[PDB]
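Computed from the coordinates by the stated procedures, all read-outs in this text should not be read as laboratory data. We place every Cβ from the backbone using ideal geometry, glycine too, and count neighbours over all the protein chains shown.
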Amino acid sequence: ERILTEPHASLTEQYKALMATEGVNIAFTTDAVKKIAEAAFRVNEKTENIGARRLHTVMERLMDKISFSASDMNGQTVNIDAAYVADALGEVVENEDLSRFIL
Amino acid sequence: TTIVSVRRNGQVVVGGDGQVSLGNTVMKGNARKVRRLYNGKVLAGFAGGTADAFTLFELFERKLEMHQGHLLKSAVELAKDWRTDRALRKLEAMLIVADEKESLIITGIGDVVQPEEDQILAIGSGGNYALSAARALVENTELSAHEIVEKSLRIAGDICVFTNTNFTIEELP
Amino acid sequence: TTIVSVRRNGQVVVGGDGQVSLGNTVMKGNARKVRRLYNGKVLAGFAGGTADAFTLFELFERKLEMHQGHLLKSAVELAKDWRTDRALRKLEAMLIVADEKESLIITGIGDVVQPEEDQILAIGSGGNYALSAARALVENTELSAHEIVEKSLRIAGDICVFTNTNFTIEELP
Amino acid sequence: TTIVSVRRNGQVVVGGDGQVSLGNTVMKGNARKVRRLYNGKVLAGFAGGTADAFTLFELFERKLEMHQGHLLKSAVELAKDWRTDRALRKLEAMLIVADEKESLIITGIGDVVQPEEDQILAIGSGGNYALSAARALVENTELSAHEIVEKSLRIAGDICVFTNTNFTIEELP
Amino acid sequence: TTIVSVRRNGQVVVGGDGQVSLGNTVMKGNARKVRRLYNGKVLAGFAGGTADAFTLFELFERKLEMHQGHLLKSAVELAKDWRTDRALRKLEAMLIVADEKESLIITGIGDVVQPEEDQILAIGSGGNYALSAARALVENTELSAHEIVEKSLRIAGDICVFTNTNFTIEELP
Amino acid sequence: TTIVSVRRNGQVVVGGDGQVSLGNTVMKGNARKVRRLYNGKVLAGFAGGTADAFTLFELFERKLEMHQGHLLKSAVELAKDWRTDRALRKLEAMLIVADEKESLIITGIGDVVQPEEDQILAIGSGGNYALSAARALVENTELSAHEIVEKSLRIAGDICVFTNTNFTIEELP
Amino acid sequence: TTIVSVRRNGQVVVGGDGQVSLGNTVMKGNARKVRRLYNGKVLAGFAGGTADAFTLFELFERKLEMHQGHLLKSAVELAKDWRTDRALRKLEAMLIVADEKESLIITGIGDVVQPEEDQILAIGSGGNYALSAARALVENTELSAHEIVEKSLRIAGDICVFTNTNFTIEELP
Amino acid sequence: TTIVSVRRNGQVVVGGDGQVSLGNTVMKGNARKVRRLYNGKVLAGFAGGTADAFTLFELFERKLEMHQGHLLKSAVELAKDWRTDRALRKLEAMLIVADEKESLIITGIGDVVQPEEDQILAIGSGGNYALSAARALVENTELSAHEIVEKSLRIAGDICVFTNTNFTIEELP
Amino acid sequence: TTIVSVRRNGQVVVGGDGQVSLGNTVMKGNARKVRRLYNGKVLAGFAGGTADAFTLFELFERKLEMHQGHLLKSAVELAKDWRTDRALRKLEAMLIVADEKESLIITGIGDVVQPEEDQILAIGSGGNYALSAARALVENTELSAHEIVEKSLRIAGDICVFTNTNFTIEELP
Ligand SMILES: [Mg+2]
Ligand SMILES: [Mg+2]
Ligand SMILES: [Mg+2]
Ligand SMILES: [Mg+2]
Ligand SMILES: [Mg+2]
Ligand SMILES: [Mg+2]
Ligand SMILES: [Mg+2]
Ligand SMILES: [Mg+2]
């Protein structure tokens, strides 16, 4: 959560400044940040813990849509809240059945 | 263990018991000895030593992924690895694999063998038993393929002390 | 050597291969491992030195009268001396005896084996196989006690490398 | 083969599986390895050629009267000839005998085994397992001498690949 | 040696005897065969040869440290090392490991196996004994998990000559 | 298995049974043990272990392709590979190969051997049998080469329990 | 099984464990391997089928009178038939007999063993151990013939995985 | 060979016989089986095969020199070398080492083991004997440590045919 | 073979038979089993397998040339090569070497051993025999060293069927 906003040029600080190039204005909501973070921590735990680079994932797996179509949105503003975040990050991918090796 | 497979009227059934026997005792009665491969389009069933059976299975799995799933090919390839020049570990086990195309058993010593004609295959200590059963049934009853298998395994289990009743029958639509 | 005894719908049948063998070579294939006794009232096959058989099916004749025909008795009494006598323990073989009511398998080491709710018996190296086929058949098909044994032996022989085709069946009466 | 004898709160129970087996194949599963004797006064199970049993449970009948019913005696006297006689040493098996007062296990090689302050007996390949379950049960649960043996055998059979489900129990009286 | 583990009501108990047997003599009665791993959040108990058991344990330890302690994963990984291509030393031993998530035994030949359902696992020469005991208890007594284990080991030790009474029961809050 | 070859009057015949025997049971009765090599101008027949026979055959095949099919040469070359310095796998099998030029059997231990004069060669468990037969016939009957072989195999099969009747006789115009 | 006989300062003591065992499992632990005979005048322990013992300690009773109580004689005479009789050679065991004057160990194979200037005897698998402790004790400590045997057995049992704690001692008179 | 060590009241004694036995004959009666290491501040005694014992000893010596003589550490290190991944020669022998800090025996298979509490250790064929002796003494006599050892070895030698009387007792002020 | 060496009064004698025994037959009666090394100033005699004895000898020879002939050193060096880490061929033989300084036998397993005091050494199948002889003589006769040896070998040959009479006695002025 903290790395997500606090530092100089935090991830959010970045995507925000970028979309601002297409003429778009995005605003991250605490509740969203909280989720992005819970997200990262999750997968790191559940799969391969890659530290904080993981934010660079959940971050891009979320901003996909806006990142693409953002060119054709000049003038608008976008609000990334929970309901949004929660819907850009599926839930859990691949059957991930590690049983095929067990007896 | 008993693993038998019958193929008739567009149907391919490969099923087996589920008993893991350590010496003369029972490790676990429920065990999946038949499983699915290649996105779930080719059937597999392993026999022998838990360790070497699994390591045989896995090796057959890599081949498939590497040969558009084309079964027969995949097999002969794997077999080749034992016939090259440097004798591999030589896993003591056996696999019965099949799909929409054909059935085929593969030993871990280096060979691929095909069914007589009755399209009946059966490995394991109880095999021949289940074999006989099916080899019979098939010749005298329009019983389904997913049916013969079910009854043949059972006939075995009631004979082989290393073959129980908790079956697993994976068929292929 | 494969001997199998079936019992279904009023008929008591016993028949088996005819392959005497020395190690891994064939010594005779026309042999009769199923013989009739007690005034053609009790038929019974064997699995061992055919002589060992007679010297046994002879000790059974006598040991049958004493107890008034009652089959099971004559048997239970037979395995009672086969182990206590130091001139019988040297007669290793397997035996199947049947008549109008029931059917039974005699053992030189263990002890009498009474059939299941299916009334089927089997001995010899190829036994179980035959059994494996039979059982199945007498569970789904409506075949003859003589149309089953028939097919059952075929199924055995084609697997046991000691059991062949020239079988000799013996219905009753 | 698994035989177990329990004794708790006025009841003397003995019961066990029923799986005769040849090497690694099943030959009979409905067998009775627990039988009553001496005018239904003394019940006793076995573990060996059922015949070997009778030829023993018969030498026990007689060798029991002589000493005036006193169970233990009839036994101690029995293992006294089982080893001195050259026609008994050939009768390898295990035995459990019990009546109103105590219970005892007979041995062909070693010698009589008197129970512990728990009054429990067990023989056969699956023995100890059964024993392992029983003991526990008669130490924490308030189960029946017949509700224990029951469950105990279940626990055995499901481990020993020679012991099964068709057990035959025999309470008293 | 006997090592058994029971899991019920958020409790996971893995305990074992402490006897090191050299041939038919006793090296040391006190030995910790169950220990703690990963900062003390995953339980372990090894069986077999002192040497190969320890070397098995250590190898399982490296994996954990390398996989956020995620048990199951860690196991399959280690197992993989035997299934690769170059047959590793092949340690003759066995490990029972578990934590807040699941229980699992691992042979040193190359496999990971899971409990039936009663969440009961037991390796060692006395295992099956302790097993039976617990397999029983659990089915008939609301005895704790840290309790069943305690009694099951004991039942074993009083049976297996290679299993003593100086236990060590590590549970997991 | 039985593989015999006879050569007379510009005719070279190499034929054999088709039985694959796993232990004392039958894998498959139909098996091609004699096959064609080098665009189909040199005859081959392998004996021994399915695995090692096939891997022997294949190695002989590479040599041919590498030596203008010149048989004799090709053989001695392969043989050489075992005589070099680094003892190769040492396949346990045997091959009988021949063409328009000569006949020759090759062991997988490292040698090439030639026929007496009767140009009769026979490997396998039934070999000597088929040998005797042919060794006879040839000396007393103007029977063809593609004829002697046919009858000799059969004579064998009726003797060797590991040699069946489903032959395959590849001759060379 | 560990039996030890001590003799120090007017007291002749003999006592030992009580662990009957089948292979590597415990079958009884309350057993008495030390018994009194000849009108409570001669006490003696054993190491073998307790029966084998009686059938021996009975042939000793009689073979003792004939020679007028003289212990050693009754013994020397005993080992004289234990080897010449074809119905005794089958009674493998070890024996210790002692009374007022001396003490002696009997053997089924070898021959009588007279103690050292220390008067100590030992047999059974755990023997020497016990002996090892005893000897020492009766060489430095001023312990009782009954305070030594005591401790000595403890020392055995805690090493031999066939010898335990429930020993039964027998002083005199 | 017999090598025992006792530790009490600031005293640590490790001594052993001196017999080198080739088959059932004697190479040399005088042999130093206990020696000094690390400038002479840590005691050592090796058992087993002359060759492998010496090569074990030497390897333990390198470790010390490499770990400020810190015994315990040095041991676990060496042990580690067998637990790594490439199974070392696996010397068949045993070492008993100790100094002012602790006692410890090390097998050449890969483990380090600690004494019960009586601080008594003993390897070799006579070990257990000397053990028993000392295990006794210690519990019943204020005999020195350099004294118990001396007597225990002797007790052994008079029992183990491979253990003589020419001792060597290295103590550690 | 028999190779013995005696050292007394500035004299060192090492001599042995000359029989090469292939199985139970004789290859050659004349064989030089004792020879000279290092310009002819150090004596050698090898025992065991012709092949491995010679290859042992040669290896001892390289060492000498590499260590100013200083015997003792040279030995320990060679010995070291077996104690390093990579177990060398492990020659099955034995060498008795000596010069003006000392006597010493070296096994091909990795050790160097010294004589008791009687400066008597003897390897081979007849060794101990010749040993006894010399071990005697020396203790009771001022017979020369080049004399005892001569007679001791002979005493052996008349006893060991693998030791003949064609000796070779190399002494060292
Ligand atoms: Mg079964
Ligand atoms: Mg056949
Ligand atoms: Mg079972
Ligand atoms: Mg115990
Ligand atoms: Mg044939
Ligand atoms: Mg003990
Ligand atoms: Mg000695
Ligand atoms: Mg001679």
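Which of the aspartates and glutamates could a cross-linker span from E:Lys151 if the Cα-Cα distance has to be under 19 Å and same-chain partners fewer than 8 positions apart are dropped? Within reach: D:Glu116, D:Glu117, D:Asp118, D:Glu139, D:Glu142, E:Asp17, E:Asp118, E:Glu139, E:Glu142, E:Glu170, E:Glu171. Ordering F:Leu56, B:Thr107, B:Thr2 by the projection of their Cα atoms onto the charge dipole of the protein assembly as shown, which places +1 on the Cβ of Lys and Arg and -1 on the Cβ of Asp and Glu, puts F:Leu56 at the extreme positive end.
Sort chain H into rounded, prolate or oblate with this rule: let a ≥ b ≥ c be the square roots of the eigenvalues of the Cα gyration tensor; rounded if a/c is under 1.5, and if a/c is not under 1.5, prolate when a/b is larger than b/c, oblate otherwise. Mind showing how you got there, number by number?
Working: a/c = 1.79, a/b = 1.20, b/c = 1.48.
Since a/c reaches 1.5 but b/c is at least a/b, the shape of chain H is classed as oblate.
How big is the gap, in Å, between the Cα center of the stretch C:60-108 and the Cα center of the stretch I:63-123? Cα centres, the stretch C:60-108 to the stretch I:63-123: 73 Å. When the charge dipole of the protein assembly as shown is built from unit charges on Cβ atoms (+1 for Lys and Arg, -1 for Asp and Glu) and taken about the Cα centre, the candidate among F:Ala156, C:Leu43, E:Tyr129 whose Cα reaches farthest toward its positive end is F:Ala156. Using C-alpha pairs under 8 Å with a sequence gap of at least 6, the mean separation divided by the residue count of chain G gives a relative contact order of 34 percent.
Counting only Cβ charges, +1 for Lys and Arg and -1 for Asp and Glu, the dipole size of chain G around its Cα centre is about 520 debye.
Per residue of peptide C:80-88, the mean number of Cβ atoms on other chains within 10 Å of the residue Cβ is 3. For the stretch B:1-90, applying the loop criterion from DSSP together with a ceiling of 15 other beta carbons within 10 Å to the GluC sites (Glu not before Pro) yields no site.
Rounded to the nearest 20 debye, what is the charge dipole size of the protein assembly as shown about its Cα centre when +1 sits on each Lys and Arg Cβ and -1 on each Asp and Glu Cβ?
Working: 171 positive and 201 negative charges, 395 e Å.
Once rounded to the nearest 20, the dipole reads 1900 debye.
Sorting the segments H:11-19, E:83-91 by their mean number of nearby beta carbons within 10 angstrom, highest to lowest, gives H:11-19, E:83-91. Residues considered: D:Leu59, D:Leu71, D:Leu22. Largest GNM mean-square fluctuation over chain D, using C-alpha springs under 10 Å, is found at D:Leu22. Selection among A:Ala82, A:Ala17, A:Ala70 by position relative to the dipole of chain A gives A:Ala17 as farthest towards the positive end (Cβ unit charges, Cα centre).
Inter-chain neighbour count for C:106-113: the average number of beta-carbon atoms from partner chains within 10 Å of each residue's beta-carbon is 6. A Förster distance of 45 Å, applied to the separation of the beta-carbon atoms of C:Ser144 and B:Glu102, puts the FRET efficiency at 0.80. Peptides F:110-123, I:35-48, ordered by how many other C-beta atoms sit within 10 Å of their residues on average, highest first, read I:35-48, F:110-123. Look at the stretch D:25-38: the mean tally of other chain Cβ atoms within 10 Å of its residues' Cβ atoms is 3. Rounded, prolate or oblate: which fits the protein assembly as shown, taking a ≥ b ≥ c as square roots of the Cα gyration tensor eigenvalues, rounded meaning a/c under 1.5, else prolate when a/b beats b/c? Cα axes put the protein assembly as shown in the rounded bin. Can you list the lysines whose alpha carbon is less than 17 Å from that of D:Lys63, not counting same-chain residues fewer than 8 positions off? Partners found: D:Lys41, D:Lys73, D:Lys80.
Of all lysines in the structure, those lying under 17 Å Cα to Cα from A:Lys35, and not within fewer than 8 positions of it along the same chain, are A:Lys46.
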